[PDB]
file model_7.txt (compact mmCIF, C-alpha atoms)
# COMPACT_ATOMS: atom_id res chain seq x y z
CA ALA Y 1 5.14 -9.83 21.50
CA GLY Y 2 1.70 -11.27 22.44
CA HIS Y 3 -1.69 -10.41 24.08
CA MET Y 4 -0.16 -7.53 26.14
CA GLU Y 5 1.47 -4.52 24.36
CA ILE Y 6 4.04 -2.17 25.90
CA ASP Y 7 6.86 -0.49 24.00
CA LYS Y 8 10.49 -1.58 24.75
CA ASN Y 9 11.47 1.28 27.13
CA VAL Y 10 8.00 2.05 28.67
CA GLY Y 11 7.41 -1.11 30.77
CA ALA Y 12 11.12 -1.08 31.74
CA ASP Y 13 10.64 2.55 33.05
CA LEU Y 14 7.43 1.72 35.05
CA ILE Y 15 8.97 -1.57 36.40
CA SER Y 16 12.19 0.40 37.29
CA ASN Y 17 10.05 2.91 39.26
CA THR Y 18 8.05 0.02 40.87
CA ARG Y 19 11.16 -1.73 42.32
CA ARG Y 20 12.71 1.71 43.26
CA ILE Y 21 9.71 3.06 45.35
CA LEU Y 22 8.84 -0.42 46.83
CA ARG Y 23 12.63 -0.46 47.70
CA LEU Y 24 13.08 -4.05 46.49
CA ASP Y 25 15.18 -5.50 43.57
CA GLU Y 26 14.36 -6.48 39.92
CA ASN Y 27 14.23 -10.26 40.79
CA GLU Y 28 12.12 -9.49 43.96
CA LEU Y 29 9.42 -7.56 42.15
CA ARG Y 30 7.41 -10.35 40.47
CA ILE Y 31 6.11 -9.53 36.96
CA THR Y 32 3.25 -11.47 35.24
CA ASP Y 33 1.67 -11.33 31.76
CA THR Y 34 -1.69 -12.48 30.25
CA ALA Y 35 -3.02 -15.01 32.82
CA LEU Y 36 -4.18 -12.31 35.35
CA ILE Y 37 -4.68 -9.30 32.88
CA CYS Y 38 -6.08 -10.75 29.54
CA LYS Y 39 -9.69 -9.27 29.92
CA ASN Y 40 -8.49 -6.49 27.73
CA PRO Y 41 -7.43 -9.08 25.08
CA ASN Y 42 -4.63 -7.22 23.13
CA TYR Y 43 -3.20 -4.58 25.61
CA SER Y 44 -2.79 -4.03 29.37
CA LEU Y 45 0.49 -3.87 31.21
CA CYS Y 46 1.42 -6.72 33.64
CA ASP Y 47 1.37 -7.36 37.47
CA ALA Y 48 3.89 -6.25 40.19
CA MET Y 49 4.42 -8.26 43.45
CA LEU Y 50 4.88 -6.58 46.81
CA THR Y 51 6.29 -7.13 50.35
CA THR Y 52 4.99 -6.86 53.94
CA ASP Y 53 5.76 -3.89 56.31
CA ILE Y 54 6.25 -1.43 53.38
CA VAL Y 55 4.97 2.14 52.56
CA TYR Y 56 5.00 4.33 49.44
CA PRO Y 57 3.44 7.74 48.46
CA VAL Y 58 1.33 5.80 45.89
CA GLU Y 59 0.07 8.77 43.79
CA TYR Y 60 3.69 9.78 42.84
CA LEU Y 61 3.63 6.41 40.96
CA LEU Y 62 0.07 6.88 39.47
CA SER Y 63 1.34 10.32 38.22
CA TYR Y 64 4.51 8.81 36.66
CA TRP Y 65 2.39 6.02 35.02
CA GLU Y 66 -0.10 8.32 33.21
CA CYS Y 67 2.60 10.91 32.30
CA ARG Y 68 4.94 8.36 30.50
CA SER Y 69 3.17 8.18 27.04
CA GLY Y 70 -0.31 9.71 27.63
CA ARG Y 71 -2.34 6.57 28.59
CA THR Y 72 -3.84 5.79 32.00
CA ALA Y 73 -4.08 2.64 34.19
CA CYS Y 74 -5.98 1.40 37.25
CA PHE Y 75 -3.96 -0.31 39.98
CA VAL Y 76 -6.03 -3.45 40.72
CA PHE Y 77 -4.53 -4.95 43.90
CA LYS Y 78 -5.01 -8.75 43.95
CA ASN Y 79 -4.29 -10.29 47.38
CA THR Y 80 -3.41 -14.03 47.08
CA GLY Y 81 -1.72 -16.68 49.42
CA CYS Y 82 1.35 -15.02 50.82
CA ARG Y 83 1.95 -11.93 48.66
CA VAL Y 84 0.27 -8.62 47.91
CA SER Y 85 0.35 -7.81 44.17
CA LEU Y 86 -0.92 -4.95 42.02
CA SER Y 87 -2.27 -6.16 38.68
CA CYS Y 88 -1.86 -3.20 36.29
CA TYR Y 89 -4.52 -2.64 33.63
CA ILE Y 90 -4.24 -0.34 30.69
CA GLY Y 91 -7.45 -2.29 30.53
CA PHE Y 92 -10.77 -3.87 31.45
CA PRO Y 93 -10.71 -6.33 34.47
CA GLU Y 94 -12.92 -9.45 34.97
CA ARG Y 95 -13.67 -9.09 38.76
CA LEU Y 96 -14.38 -5.26 38.60
CA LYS Y 97 -18.05 -6.19 39.35
CA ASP Y 98 -17.20 -7.56 42.86
CA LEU Y 99 -13.69 -6.28 43.90
CA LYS Y 100 -13.45 -3.22 46.28
CA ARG Y 101 -12.09 0.30 47.13
CA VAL Y 102 -10.74 1.88 50.38
CA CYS Y 103 -9.57 5.00 51.98
CA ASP Y 104 -8.98 3.92 55.62
CA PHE Y 105 -7.06 1.21 57.43
CA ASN Y 106 -8.73 -2.29 57.62
CA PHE Y 107 -8.45 -6.11 57.74
CA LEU Y 108 -8.48 -7.58 54.18
CA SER Y 109 -9.13 -11.21 52.98
CA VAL Y 110 -6.46 -13.61 51.56
CA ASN Y 111 -8.07 -13.98 48.06
CA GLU Y 112 -9.38 -10.36 47.53
CA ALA Y 113 -9.24 -7.66 44.78
CA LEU Y 114 -9.37 -3.80 44.95
CA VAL Y 115 -9.05 -0.82 42.45
CA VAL Y 116 -7.37 2.50 43.32
CA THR Y 117 -7.18 5.18 40.56
CA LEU Y 118 -7.44 8.99 40.11
CA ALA Y 119 -11.26 8.61 39.55
CA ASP Y 120 -11.62 6.56 42.81
CA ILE Y 121 -9.54 8.99 44.90
CA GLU Y 122 -11.72 11.76 43.34
CA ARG Y 123 -14.91 9.93 44.64
CA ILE Y 124 -13.55 9.51 48.22
CA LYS Y 125 -11.76 12.95 48.60
CA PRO Y 126 -11.61 16.23 46.53
CA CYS Y 127 -8.45 15.61 44.42
CA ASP Y 128 -5.75 18.18 43.51
CA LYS Y 129 -2.70 18.62 41.20
CA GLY Y 130 -0.62 18.10 44.38
CA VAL Y 131 -1.99 14.85 46.00
CA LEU Y 132 0.39 12.46 47.72
CA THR Y 133 -1.85 9.51 48.62
CA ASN Y 134 0.03 7.07 50.95
CA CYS Y 135 -0.29 3.23 51.13
CA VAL Y 136 0.88 0.57 53.65
CA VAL Y 137 0.49 -3.29 53.57
CA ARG Y 138 1.10 -6.27 55.88
CA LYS Y 139 0.85 -10.02 55.39
CA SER Y 140 0.17 -12.25 58.44
CA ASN Y 141 0.12 -16.11 58.77
CA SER Y 142 -0.65 -16.17 62.57
CA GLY Y 143 -3.87 -14.24 61.67
CA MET Y 144 -4.28 -15.71 58.08
CA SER Y 145 -4.93 -12.12 56.90
CA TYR Y 146 -3.91 -8.93 55.14
CA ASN Y 147 -3.73 -5.60 57.02
CA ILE Y 148 -4.25 -2.76 54.54
CA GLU Y 149 -4.02 1.05 54.81
CA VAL Y 150 -4.30 3.85 52.24
CA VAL Y 151 -4.82 7.48 53.13
CA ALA Y 152 -5.10 10.71 51.07
CA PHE Y 153 -2.94 13.86 51.59
CA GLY Y 154 -2.01 16.96 49.57
CA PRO Y 155 1.49 18.58 49.90
CA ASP Y 156 1.25 18.08 53.76
CA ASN Y 157 3.03 14.66 53.24
CA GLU Y 158 6.23 16.81 52.83
CA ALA Y 159 8.33 14.66 55.25
CA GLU Y 160 7.80 11.29 53.39
CA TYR Y 161 8.17 13.24 50.09
CA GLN Y 162 11.66 14.42 51.21
CA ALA Y 163 12.58 10.94 52.59
CA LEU Y 164 11.69 9.30 49.23
CA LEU Y 165 13.78 11.80 47.19
CA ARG Y 166 16.52 11.05 49.81
CA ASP Y 167 16.39 7.32 48.86
CA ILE Y 168 15.41 7.15 45.16
CA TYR Y 169 17.25 10.22 43.81
CA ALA Y 170 20.08 9.02 46.16
CA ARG Y 171 20.78 5.52 44.75
call {"tool": "encode", "arguments": {"input": "model_7.txt", "output": "structure tokens"}}
result
Amino acid sequence: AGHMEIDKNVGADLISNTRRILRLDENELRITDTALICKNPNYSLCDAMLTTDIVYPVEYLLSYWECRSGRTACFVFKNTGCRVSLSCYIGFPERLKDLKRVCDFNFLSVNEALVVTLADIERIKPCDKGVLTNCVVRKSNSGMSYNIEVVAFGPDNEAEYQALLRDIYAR
């Protein structure tokens, strides 16, 4: 009830998926409202806060997001002190002018911003109704850095696909 709007079960479903495929708990995913998302001033979603040395088949989550009520979001990944987060916009972001995109592995700065969506994956590879894009983050303090990877596959990611069903449909 405020300057973001999600329906009672819809955020709870997307937040449930977010803790379940990051394989962390509901008090270990950090959620945030207006202060990072308010540049669409009445609607958005929230932010989700993420751990080091962790992988997910990221496009399984993009797919679940857009399929839930017929409305799409960009995942805007905002790197800050120690944490990765993804700031989730059903929305219009302020830093979209100067934040980045990747498909590769690279070093990434401690106060940085980056969008990854179905339109961005479509610029950087021919997309398909079968993509499993894959994403991997580390924090470091000894290097005062992030270490970021995201890579684009079709159904060839069949091993990680099976391993994820073998965790998340096996809780």
call {"tool": "closest_residue", "arguments": {"input": "model_7.txt", "among": "Y:147, Y:9, Y:40, Y:87", "to": "residue Y:116", "atoms": "only C-alpha atoms"}}
result
Y:87
call {"tool": "closest_residue", "arguments": {"input": "model_7.txt", "among": "Y:36, Y:53, Y:80, Y:88", "to": "residue Y:15", "atoms": "only C-alpha atoms"}}
result
Y:88
call {"tool": "closest_residue", "arguments": {"input": "model_7.txt", "among": "Y:43, Y:107, Y:169, Y:60", "to": "residue Y:154", "atoms": "all atoms listed in the file"}}
result
Y:60
call {"tool": "residues_around", "arguments": {"input": "model_7.txt", "residues": "residue Y:130", "least_positions_apart": "6", "cutoff": "12 Å", "atoms": "only C-alpha atoms", "output": "list in words"}}
result
residues 57, 59, 60, 63, 152, 153, 154, 155, 156, 157, 158 and 161 of chain Y
call {"tool": "closest_atom_pairs", "arguments": {"input": "model_7.txt", "of": "stretch 104-158 of chain Y", "to": "stretch 18-28 of chain Y", "cutoff": "12 Å", "atoms": "all atoms listed in the file", "output": "JSON lines"}}
result
{"residue": "Y:134", "atom": "CA", "partner": "Y:21", "partner_atom": "CA", "distance": 11.9}
{"residue": "Y:135", "atom": "CA", "partner": "Y:22", "partner_atom": "CA", "distance": 10.7}
{"residue": "Y:136", "atom": "CA", "partner": "Y:22", "partner_atom": "CA", "distance": 10.5}
{"residue": "Y:137", "atom": "CA", "partner": "Y:22", "partner_atom": "CA", "distance": 11.1}
call {"tool": "closest_residue", "arguments": {"input": "model_7.txt", "among": "Y:109, Y:42, Y:17, Y:140", "to": "residue Y:1", "atoms": "all atoms listed in the file"}}
result
Y:42
call {"tool": "closest_residue", "arguments": {"input": "model_7.txt", "among": "Y:96, Y:61, Y:91, Y:105", "to": "residue Y:164", "atoms": "all atoms listed in the file"}}
result
Y:61
